[PDB]
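J.: Turn this into a model:
(chains A and B)
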Amino acid sequence: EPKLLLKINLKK
Amino acid sequence: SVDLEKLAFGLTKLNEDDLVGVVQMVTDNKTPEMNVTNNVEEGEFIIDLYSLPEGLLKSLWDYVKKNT
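T.: Numbering: from 1, shown residues only, chains lettered A, B, ... in the order given. The coordinates are given below.
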């Protein structure tokens, strides 16, 4: 069972 | 009903500011049950669209369509 996880890296 | 995989793909088509706006909308509406990871130290978010309510998913989808 596939799930797309959305990882978002912000400016630090 | 939002197609979650098309939503996830479409979210990567946003520019940096609009994707930050997605992060803003999600963190402003999030509850522990929607399983949003926000590593505050590392400035990173992991969104599990499969744990979001349908109204928020619809808002995200319309947001993607409006900004692409």
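
J.: residue closest to the middle of chain B?
T.: residue B:22 (5.0 Å; C-alpha atoms, centre = their mean).

J.: Just list the residues touching it, thanks.
T.: Going by C-beta atoms under 8 Å, 6 or more residues apart in numbering or on different chains, residue B:22 touches A:8, B:11, B:14, B:47, B:60, B:63. Bear in mind the C-beta positions are built from the backbone N, C-alpha and C, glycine included.

J.: go with 7 Å
T.: By C-beta atoms under 7 Å, 6 or more residues apart in numbering or on different chains, the contact list for residue B:22 reads B:11, B:14, B:60, B:63.

J.: Around chain B, which positions in chain A sit nearby?
T.: By C-beta under 7 Å from any C-beta of the partner chain, the residues of chain A that approach chain B are A:3, A:4, A:5, A:6, A:7, A:8, A:9, A:10, A:11, A:12.

J.: Pick the one among those closest to residue B:35.
T.: residue A:5 (10.0 Å; C-beta to C-beta).

J.: hang on, the earlier thing: mind checking which of the contacts of residue B:22 land in helices?
T.: Secondary structure defined by DSSP state H assigns B:11, B:60, B:63 of those to helices.

J.: so residue B:7 touches residue B:59, yeah?
T.: No: Residue B:7 is not in contact with residue B:59 according to C-beta atoms under 7 Å; the separation is 10.7 Å.

J.: who has more neighbours, these two?
T.: residue B:7 (20 against 17; other C-beta atoms under 10 Å in any protein chain shown).

J.: Next, the contact list for that one, please.
T.: B:49, B:57, B:60, B:61, B:64.

J.: what's around the second one, how many residues?
T.: In this case it means residue B:57. Neighbour count of residue B:57, defined by other C-beta under 10 Å: 17.

J.: Repeat that for the last one.
T.: The number of residues packed around residue B:64, counting by other C-beta under 10 Å, is 22.

J.: One more: the first one?
T.: With neighbours defined by other C-beta under 10 Å, the count for residue B:49 comes to 23.
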